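Q: Sharing a structure here in structure tokens format.
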Amino acid sequence: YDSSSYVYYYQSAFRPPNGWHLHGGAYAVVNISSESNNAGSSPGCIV
Amino acid sequence: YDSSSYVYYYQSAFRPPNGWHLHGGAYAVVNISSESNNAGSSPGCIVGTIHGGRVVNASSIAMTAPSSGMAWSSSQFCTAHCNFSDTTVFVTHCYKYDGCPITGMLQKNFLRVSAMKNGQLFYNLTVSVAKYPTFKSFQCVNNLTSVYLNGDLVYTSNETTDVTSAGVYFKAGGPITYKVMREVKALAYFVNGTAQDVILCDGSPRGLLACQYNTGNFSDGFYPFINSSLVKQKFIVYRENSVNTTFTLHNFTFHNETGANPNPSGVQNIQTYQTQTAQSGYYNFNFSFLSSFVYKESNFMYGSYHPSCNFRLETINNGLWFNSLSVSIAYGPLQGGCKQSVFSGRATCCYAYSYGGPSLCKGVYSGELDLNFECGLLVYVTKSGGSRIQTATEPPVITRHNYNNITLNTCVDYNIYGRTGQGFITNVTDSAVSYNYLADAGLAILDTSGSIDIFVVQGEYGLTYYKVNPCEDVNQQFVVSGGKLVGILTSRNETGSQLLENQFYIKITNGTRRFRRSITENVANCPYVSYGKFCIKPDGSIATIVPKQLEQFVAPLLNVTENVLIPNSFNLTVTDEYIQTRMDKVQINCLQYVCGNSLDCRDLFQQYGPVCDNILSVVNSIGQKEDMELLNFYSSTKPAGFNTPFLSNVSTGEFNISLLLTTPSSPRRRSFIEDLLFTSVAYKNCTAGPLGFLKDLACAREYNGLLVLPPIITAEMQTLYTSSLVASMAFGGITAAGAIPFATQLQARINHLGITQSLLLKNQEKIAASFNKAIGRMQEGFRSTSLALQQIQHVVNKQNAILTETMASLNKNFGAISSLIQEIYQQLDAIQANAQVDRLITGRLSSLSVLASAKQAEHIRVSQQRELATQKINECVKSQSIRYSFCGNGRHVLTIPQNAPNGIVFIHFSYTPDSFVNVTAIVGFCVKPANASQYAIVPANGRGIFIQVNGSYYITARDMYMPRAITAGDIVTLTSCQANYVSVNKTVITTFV
Ligand SMILES: *[C@@H]1O[C@H](CO)[C@@H](O[C@@H]2O[C@H](CO)[C@@H](O[C@@H]3O[C@H](CO)[C@@H](O)[C@H](O)[C@H]3NC(C)=O)[C@H](O)[C@H]2NC(C)=O)[C@H](O)[C@H]1NC(C)=O
Ligand SMILES: *[C@@H]1O[C@H](CO)[C@@H](O[C@@H]2O[C@H](CO)[C@@H](O[C@@H]3O[C@H](CO)[C@@H](O)[C@H](O)[C@H]3NC(C)=O)[C@H](O)[C@H]2NC(C)=O)[C@H](O)[C@H]1NC(C)=O
Ligand SMILES: *[C@@H]1O[C@H](CO)[C@@H](O[C@@H]2O[C@H](CO)[C@@H](O)[C@H](O)[C@H]2NC(C)=O)[C@H](O)[C@H]1NC(C)=O
Ligand SMILES: *[C@@H]1O[C@H](CO)[C@@H](O[C@@H]2O[C@H](CO)[C@@H](O)[C@H](O)[C@H]2NC(C)=O)[C@H](O)[C@H]1NC(C)=O
Ligand SMILES: *[C@@H]1O[C@H](CO)[C@@H](O[C@@H]2O[C@H](CO)[C@@H](O)[C@H](O)[C@H]2NC(C)=O)[C@H](O)[C@H]1NC(C)=O
Ligand SMILES: *[C@@H]1O[C@H](CO)[C@@H](O[C@@H]2O[C@H](CO)[C@@H](O)[C@H](O)[C@H]2NC(C)=O)[C@H](O)[C@H]1NC(C)=O
Ligand SMILES: *[C@@H]1O[C@H](CO)[C@@H](O[C@@H]2O[C@H](CO)[C@@H](O)[C@H](O)[C@H]2NC(C)=O)[C@H](O)[C@H]1NC(C)=O
Ligand SMILES: *[C@@H]1O[C@H](CO)[C@@H](O)[C@H](O)[C@H]1NC(C)=O
Ligand SMILES: *[C@@H]1O[C@H](CO)[C@@H](O)[C@H](O)[C@H]1NC(C)=O
Ligand SMILES: *[C@@H]1O[C@H](CO)[C@@H](O)[C@H](O)[C@H]1NC(C)=O
Ligand SMILES: *[C@@H]1O[C@H](CO)[C@@H](O)[C@H](O)[C@H]1NC(C)=O
Ligand SMILES: *[C@@H]1O[C@H](CO)[C@@H](O)[C@H](O)[C@H]1NC(C)=O
Ligand SMILES: *[C@@H]1O[C@H](CO)[C@@H](O)[C@H](O)[C@H]1NC(C)=O
Ligand SMILES: *[C@@H]1O[C@H](CO)[C@@H](O)[C@H](O)[C@H]1NC(C)=O
Ligand SMILES: *[C@@H]1O[C@H](CO)[C@@H](O)[C@H](O)[C@H]1NC(C)=O
Ligand SMILES: *[C@@H]1O[C@H](CO)[C@@H](O)[C@H](O)[C@H]1NC(C)=O
Ligand SMILES: *[C@@H]1O[C@H](CO)[C@@H](O)[C@H](O)[C@H]1NC(C)=O
Ligand SMILES: *[C@@H]1O[C@H](CO)[C@@H](O)[C@H](O)[C@H]1NC(C)=O
Ligand SMILES: *[C@@H]1O[C@H](CO)[C@@H](O)[C@H](O)[C@H]1NC(C)=O
Ligand SMILES: *[C@@H]1O[C@H](CO)[C@@H](O)[C@H](O)[C@H]1NC(C)=O
Ligand SMILES: *[C@@H]1O[C@H](CO)[C@@H](O)[C@H](O)[C@H]1NC(C)=O
């Protein structure tokens, strides 16, 4: 559910059983953008 | 109803019709006690004396007599009173001596049921000795303080007072019985409006069936049931927080404060004069706003807007599940508070309470903001449906206890995540720590119908996964067979002395303790109750089933020379079957079935026009389509007339067939075997005169509008059909000279298996002995183990059970307030009753739709079996074709049809011999002639392989050992032989001079 066309979003901690089921929420995509390696000269990001 | 285990008690002077019906009242027994002959030295008990009590402080009492013995005369019966704490009730047949002002010494007089307080008398009613023939029983019931001379009411009053004493005077008679009781539920079968027996709900195995399925005189087969009983270790799993928590619910309070001014013109200018929010865990909401604040019901503009939040504000504190929650109070206007403050506002839904407020309030709406309105307080609630926070009232009792000790594999109560169930819990986390069996949001999995299938728990070294399956008695069955209960087919093992296929079996104790375990016996066929290679008798013990099969032979298929087995003697093995061929046509009168005999209900019905046309057209169509080709079926097979009785004193040779055909001395034209068929199972005057127990349901049908129509073949036109058909089977052929009514047909039909016609003085008494043994097995076979009888049973029971549920669908009310329609308009309003009447009429027309669809499906069934019936009449009766085992498990000889309940019953006669001979066989010849030629001889088709006997050579048929010299027309000349022959040097044609 982590593809390049939608983002999943679990509807509140219970699960209905094996089968298709409908919801409504912010699931689409617009303006996908990438980013990588946001670190400085340190060997690890400080907490 | 006056047994030693219950006391009857008629429910208020009306009687529902013939059938089982349920009630609830004081019917049980506890502490039965006897007493007899409460008289002194006097020859008879004097009337009017109230003494002779017996102190019983119980919640009931009952004085019962033996079965209709105590008359009302002298020296037999006297007062027999109860008493309450202050008031009494006493019966008195005060016939005259000097004492009371009645002045009558005879029967045909009255009684005195009269109450009495401390000093005075009131409520004299004088019921006759008619309608109360004999003193049977006398009760005094706690609740409603009512007293019951046998059966119905005689006196009620206001109070709720328990019985303190009772007592009966009488000189002699039956020993009377005192008994107190409790209150249970029971149901009573009663015909003609008077009780025969009851069934109690006392936890007995016979009782639970009647108490759950609302019936007795049950059908045979299987029935599931329950008995809920559980006081064991319950365990609760609350919703775990992060770490290191004691689950303490927060308390959010509210109070009306000294509020500010009402709002100006803007709908954003109303200010919430409180705010609260829900974050995690548990909460409750102390609403002290029921004090003199009315609730305003929602309508077109004002009031609440509770759609999208089905709960009402005083029901939050029960177990709910939200995802985010925030409530707040605000003092705005009333006509447009919620209908504007939900759409353009800040809440999902809001409520509107009111009080006595000053009418200077500037309302909020587009264009109508220049008036002055009321100011009731309106609460907001911002619901988002989900599962993060749970609202509950009582504090959770798990106080510093991480979930280490909960029980497994035991039938417990569970209350996990606010959903109460009853089952046991296994450990399934070995298969669930892999397969990512739940995602990163770890809580339970709902199945369908809102239960829990797999939940989680946290607090150990690693999180586990538990599964919830129901207890051992979620589906128990108990087998009934024929007429009574046999035993419980359960899933548990309570020292169950028998194991069936994938289920354990016990057996209830009937009288003596023995007859529990035995060695199973092998049954050929059983029609009683069958369950997976095991058959259950009405005796109670099981017996395993194993089907038999008979031998067959096609034996001559001959390569290189070797002796073969062909039969010399032969037997006949009977076989029956039943095929339905007729149908009772119906005619639904919808207007008289829906409404009763009323002046109204019809003007309301006359806008239900086309649905009666739709329910009438399919019944009319199936009636016509049956009634045409029924006459086609009658005109295709009724042979020639032959209106001759042939009543089985006709002298046959040695065939005792008079068992099978009709008798001279009978009121109906009926033989013996279909009389045995009839004893296992249209001219009336319905205004007066009954006929029988079952045929007189036609007057109950015609008074509700489900009437029948006669067939196109009339009555006493089908009873000559079977006789004419066997008359054409017998007499067809001969010219009636020479003692051949039935024999010659059979001998000239039996030699078609071989190849001859009508041979005499050989094969004449062998057929007689074989057919006599066959009819002996036939007359043995019908009463115990046959094939036609259970088919007759199932067809008759289904044809009765189609119509007897659309008559008992009248008292079954739909979504309504009652069943009858006469007293709907008398109890409530006019323009509110029409919804109730529309629901009831729509339900009854749905029931007629079910009836018409079932009738059409049954017509398709009977048309299928009718075309198979005309095919089998055209082939198996008058033709004797050579189709192997079409009718009667072998190459058939002859059939005889007989009558049945709305069908015909065949009797097939097979041909299965067993005794064989050992004779040598050869496959061909190749004779060489004298000068120069060469040919072979192969036996032709339809004349059988040929054999040799002690030097000579003979051909024979493939079924009957019948040696005969080879002729010239049974040969095949071929210019080849390949040493798989005999090669006689001389010719073996045996031609003639
Ligand atoms: C629940 O709370 C309500 C709001 O706090 C109370 O209603 C208030 O009652 C007051 C007394 O009648 C009103 O004060 C008066 O308002 C009028 C305007 O309509 C002014 O002219 C008066 O001068 C003023 N009286 C003063 C200042 O002494 C409030 O306006 C009114 N609030 C409203 C309607 O929103 C309820 O009484 C209270 N219920 C209880 C405690 O049971
Ligand atoms: C349902 O099945 C689960 C899976 O077996 C059980 O969970 C197991 O409990 C064991 C005892 O509490 C744990 O064993 C311990 O593991 C740690 C680390 O591996 C060791 O240091 C301990 O010595 C060891 N304890 C011993 C050997 O006694 C298992 O790790 C644990 N398995 C898991 C969490 O996957 C559940 O206990 C069981 N349910 C019930 C009610 O018993
Ligand atoms: C049962 O009811 C009878 C009828 O009232 C009671 O009999 C009366 O008892 C009082 C005192 O016990 C007497 O003064 C009356 O004379 C009695 N009535 C008659 C007609 O003689 C009787 O007491 C009640 N039983 C109990 C246990 O209280
Ligand atoms: C029930 O019947 C009795 C008959 O005994 C009525 O008793 C009479 O009551 C009146 C008024 O109290 C007396 O004047 C009579 O003398 C009584 N008759 C007697 C003693 O024989 C009693 O009133 C009736 N109850 C009613 C009418 O409610
Ligand atoms: C319905 O069940 C009752 C049982 O209460 C049956 O009534 C019994 O019928 C037999 C048949 O001869 C009698 O011997 C009993 O005396 C009857 N018992 C009572 C209490 O009347 C009744 O026959 C059943 N009806 C059916 C099967 O149609
Ligand atoms: C209810 O009423 C019917 C109608 O009379 C009774 O049926 C009769 O039963 C007797 C058996 O003793 C038969 O001889 C009659 O022929 C029946 N009448 C018919 C068929 O019209 C039935 O027995 C009554 N039920 C009772 C008395 O419990
Ligand atoms: C066909 O006709 C023959 C000749 O009449 C019948 O043979 C007779 O059978 C009876 C019964 O066994 C004997 O008692 C007679 O002696 C026989 N007659 C003879 C030998 O001449 C034969 O039964 C007839 N077939 C039928 C009636 O089916
Ligand atoms: C859209 O994406 C571009 C780069 O792909 C980025 O610079 C820009 O800020 C994005 N706009 C948004 C997220 O509104
Ligand atoms: C129970 O029956 C006994 C029988 O002797 C009797 O003495 C007793 O009073 C009864 N108890 C009641 C009716 O409460
Ligand atoms: C009811 O009768 C019983 C009989 O023994 C007695 O024990 C009890 O005290 C009575 N209760 C009363 C008079 O309230
Ligand atoms: C019968 O009496 C009991 C006594 O507690 C009462 O609860 C019940 O409601 C009564 N049944 C009625 C009035 O139908
Ligand atoms: C029951 O009704 C009677 C009838 O007059 C009355 O006297 C009695 O007070 C009533 N009981 C009440 C009201 O508790
Ligand atoms: C149902 O449960 C009750 C309660 O103990 C029991 O008495 C009864 O025999 C059970 N019914 C069965 C086992 O058919
Ligand atoms: C208020 O909350 C405390 C815990 O914070 C709880 O112990 C107490 O019972 C609550 N008061 C109620 C429910 O009246
Ligand atoms: C709500 O609060 C009031 C304030 O005094 C209190 O009396 C009442 O008991 C509370 N109701 C609850 C805790 O259910
Ligand atoms: C049922 O219980 C009996 C004990 O009487 C036992 O012999 C039998 O093996 C059990 N059935 C099983 C375990 O399937
Ligand atoms: C078959 O026929 C022979 C002689 O007719 C007889 O002995 C044998 O019992 C028969 N077998 C049956 C009827 O099964
Ligand atoms: C056979 O029964 C019929 C019936 O009436 C009778 O006419 C005939 O004479 C009977 N045959 C006899 C007695 O041989
Ligand atoms: C045919 O069998 C029946 C059965 O009992 C018998 O009564 C009758 O006499 C027999 N007829 C004969 C042998 O002709
Ligand atoms: C048949 O019913 C009619 C209906 O009016 C009646 O007149 C007639 O007497 C009845 N016949 C009887 C009861 O034999
Ligand atoms: C026929 O007889 C021969 C010799 O007696 C034997 O070998 C053969 O098995 C027999 N056929 C049978 C018994 O079918």
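Q: Could you sort the peptides B:776-789, B:428-441 by per-residue average Cβ neighbour count (10 Å cutoff), highest mean leading?
A: Numbers: B:776-789: 15.1, B:428-441: 11.7.
My ranking of the peptides, most packed first, is B:776-789, B:428-441.
Q: Let me ask another. My understanding is that a pair violates if its Cα-Cα distance is over 20 Å; which of B:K798/B:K855; B:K179/B:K484; B:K507/B:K548; B:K131/B:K695; B:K131/B:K179; B:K695/B:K812 do that in this structure? It would help to have the intermediate numbers written out before the result.
A: Numbers: B:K798/B:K855 12 Å; B:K179/B:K484 31 Å; B:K507/B:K548 29 Å; B:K131/B:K695 31 Å; B:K131/B:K179 25 Å; B:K695/B:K812 25 Å.
Long pairs (Cα-Cα over 20 Å): B:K179/B:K484; B:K507/B:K548; B:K131/B:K695; B:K131/B:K179; B:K695/B:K812.
Q: So, in nm, how far is label B:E629 from label B:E297 when the simple model puts each one 7 Å beyond its Cα toward the Cβ?
A: 5.9 nm
Q: Follow-up question, since we're still on this one. If you plug each phi of the stretch B:238-247 into the Karplus form 6.51 cos²θ - 1.76 cosθ + 1.60 with θ = phi - 60°, what whole-Hz ³J(HN,Hα) values come out, in order, with x for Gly and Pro?
A: Couplings: 8, 7, 6, 8, 5, 8, 6, 10, 9, 6 Hz.
Q: Hey, another quick one. What residues have an amide H closer than 5 Å to that of B:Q476, excluding those fewer than 5 places away on the same chain, when H is modeled at 1.01 Å from N in the peptide plane?
A: HN-HN under 5 Å from B:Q476: B:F225.
Q: Still on this structure, please answer the following. HN-Hα J couplings of the stretch B:325-331 from phi, Karplus 6.51/-1.76/1.60, θ = phi - 60°, integer Hz, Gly and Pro as x?
A: These are the phi-based 3J(HN,Hα) values: 9, 7, 10, 7, 9, 7, 9 Hz.
Q: If you don't mind, another one. Set the Förster radius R0 to 35 Å, insert the Cβ-Cβ distance between B:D197 and B:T161 as r into 1/(1 + (r/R0)^6), and round the FRET efficiency to 0.05.
A: With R0 = 35 Å, the Cβ-Cβ based efficiency is 0.65.
Q: On average, how much area does the Cα convex hull of the stretch B:392-497 cover when viewed from any direction, in nm²?
A: Working: hull surface 45.5 nm².
Here the figure is 11.4 nm², rounded to one decimal.
Q: Then there is this: Any idea what log10 I(q)/I(0) is at q = 0.13, 0.17 Å⁻¹ for the stretch B:584-690, Debye with uniform C-alpha scatterers and no solvent?
A: -0.86, -1.07
Q: Over the Cα atoms of the stretch B:513-623, what radius of gyration and what Dmax do you get, in Å?
A: 30.5, 95
Q: What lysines does B:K878 reach when the alpha-carbon gap must be under 21 Å and sequence neighbours fewer than 8 apart in one chain are set aside?
A: B:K638
Q: May I ask for the distance between the Cα centers of the stretch B:412-449 and the stretch B:718-742, given as a whole number of Å?
A: The stretch B:412-449 and the stretch B:718-742 have Cα centres spaced 77 Å from each other.
Q: Would you list the P(r) distribution for the stretch B:114-249, with all Cα-Cα distances sorted into 5 Å bins from 0 and each bin expressed as a whole %?
A: The calculated distribution, bin by bin, is 2, 5, 10, 12, 12, 12, 10, 8, 7, 6, 5, 4, 3, 2, 2, 1, 0.
Q: Using Cα pairs under 8 angstrom and six or more residues apart, how large is the relative contact order of the stretch B:854-993, in percent?
A: Value for the stretch B:854-993: 17 percent.
Q: Still on this structure: Report the FRET efficiency, 1/(1 + (r/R0)^6), for B:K234 and B:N38, where r is their Cβ-Cβ distance and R0 is 51 Å, rounded to 0.05.
A: Numbers: r = 54 Å, r/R0 = 1.06.
Approximately 0.40, to the nearest 0.05.
Q: Less than 12 Å Cβ to Cβ from B:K812, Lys/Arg counted +1 and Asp/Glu -1: what total charge do the surrounding residues give? Show your work: numbers first, answer last.
A: Numbers: positive: B:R844; negative: B:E805.
Here the count lands on 0.
Q: Further question on the same structure: Tally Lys and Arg at +1 and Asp and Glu at -1 over the other residues with C-beta under 12 Å from the C-beta of B:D539: what net charge comes out?
A: Working: positive: B:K484, B:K507, B:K537; negative: B:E521.
My count for the surroundings of B:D539 gives +2.
Q: Calculate the FRET efficiency for B:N980 and B:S636 from the Cβ-Cβ distance with a Förster distance of 41 Å, rounded to the nearest 0.05. Spell out each step's value before the answer.
A: On the way: r = 52 Å, r/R0 = 1.28.
Taking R0 as 41 Å, the efficiency between B:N980 and B:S636 is 0.20.
Q: Now for a different question. With charges set only on the Cβ (+1 for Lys and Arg, -1 for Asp and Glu), what does the dipole of the protein assembly as shown come to about its Cα centre, in debye to the nearest 20? Numbers along the way, then the final one.
A: Numbers: 70 positive and 62 negative charges, 553 e Å.
Computed charge dipole of the protein assembly as shown: roughly 2660 debye.
Q: Just add up the charged neighbours of B:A80: K/R +1, D/E -1, any other residue whose Cβ is under 15 Å from the Cβ of B:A80.
A: Numbers: positive: B:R54, B:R112, B:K136, B:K171, B:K179; negative: B:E35.
Within the 15 Å Cβ shell, the charges total +4.
Q: Right, here's the next one. Which listed residue (B:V594, B:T581, B:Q552) has the Cα farthest towards the positive end of the charge dipole for the stretch B:520-637, taking +1 on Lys and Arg C-beta and -1 on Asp and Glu C-beta about the Cα centre?
A: Of the listed residues, the answer is B:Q552.
Q: If you filter the stretch B:458-540 for chymotrypsin sites (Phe, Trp or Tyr not before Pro), then keep DSSP loop positions with at most 15 other Cβ within 10 Å, what is left? If you can, show how the numbers build up before the last one.
A: Working: sites: B:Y461, B:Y465, B:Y466, B:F478, B:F504, B:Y505, B:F515, B:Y528, B:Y531, B:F534; in loops: B:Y461, B:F515, B:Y528, B:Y531.
Qualifying residues, ordered by number: B:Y461, B:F515.
Q: Toward the positive end of the charge dipole of the stretch B:72-165, about the Cα centre and with charges on Cβ (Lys, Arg +1; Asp, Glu -1), which of B:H81, B:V163, B:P133 goes farthest?
A: Working it through, the farthest residue towards the positive pole turns out to be B:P133.
Q: While we're on this one: Mind listing the phi-derived Karplus ³J(HN,Hα) values for the stretch A:21-36, rounded to whole Hz, using 6.51, -1.76 and 1.60 with θ = phi - 60°, and x for any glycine or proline?
A: Taking θ as phi minus 60°, the curve returns 7, 9, 9, x, x, 6, 10, 7, 9, 8, 6, 5, 9, 10, 6, 8 Hz for the stretch A:21-36.
Q: Whose amide H sits under 5 Å from the amide H of B:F252, counting only residues 5 or more places off or on another chain, with H placed in the peptide plane?
A: Under 5 Å from the amide H of B:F252 lie the amide H atoms of B:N284, B:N286, each far enough along the sequence or on another chain.
Q: Under 5 Å between amide hydrogens, which residues at least 5 positions from B:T145 or on another chain qualify, with H placed 1.01 Å from N in the peptide plane?
A: B:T161
Q: I'd like the distance between the alpha-carbon centres of the stretch B:295-346 and the stretch B:914-993, rounded to an integer number of Å.
A: 106 Å
Q: Filter the chymotrypsin sites (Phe, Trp or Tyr not before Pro) in the stretch B:11-49 to those in DSSP coil with at most 13 other Cβ atoms within 10 Å of their Cβ, and list the result. The partial results should precede the final answer.
A: On the way: sites: B:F14, B:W20, B:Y27; in loops: B:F14, B:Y27.
Of the chymotrypsin sites (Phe, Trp or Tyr not before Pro), the ones in loops of the stretch B:11-49 whose Cβ has at most 13 other Cβ atoms within 10 Å are B:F14.
Q: Working only with C-alpha atoms, what are the Rg and Dmax values of chain B, expressed in angstrom?
A: Gyration radius and largest Cα-Cα distance of chain B: 43.6, 146 Å.
Q: Could you work out how far apart the two model spin labels at B:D370 and B:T512 are, taking each label as a point 7 Å from the Cα in the direction of the beta carbon, and quote it in nm?
A: 10.4 nm
Q: Also, I was wondering about something else. If you keep only loop residues by DSSP, which GluC sites (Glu not before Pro) in the stretch B:823-883 have at most 16 other Cβ atoms within 10 Å of their Cβ?
A: Details: sites: B:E823, B:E858, B:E867, B:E875; in loops: B:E823.
For GluC sites (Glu not before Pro) across the stretch B:823-883 that sit outside H, G, I, E and B with at most 16 neighbouring Cβ atoms in 10 Å, the list reads B:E823.
Q: Another question, if that's okay. Could you work out the mean projected area of the convex hull around the alpha carbons of chain A, in square nanometres to one decimal? Show your work: numbers first, answer last.
A: On the way: hull surface 24.9 nm².
Answer in nm², one decimal: 6.2.
Q: Right, something else. Whole Å is fine, so just give me how far the alpha carbon centre of the stretch A:21-42 lies from that of the stretch B:493-524.
A: When both Cα centres are located, 68 Å separates them.
Using ideal geometry, Cβ is built from the backbone for each residue, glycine included, and neighbour counts are taken over all protein chains shown. All of the numbers you see were taken from the coordinates with simple rules; none came from a lab.
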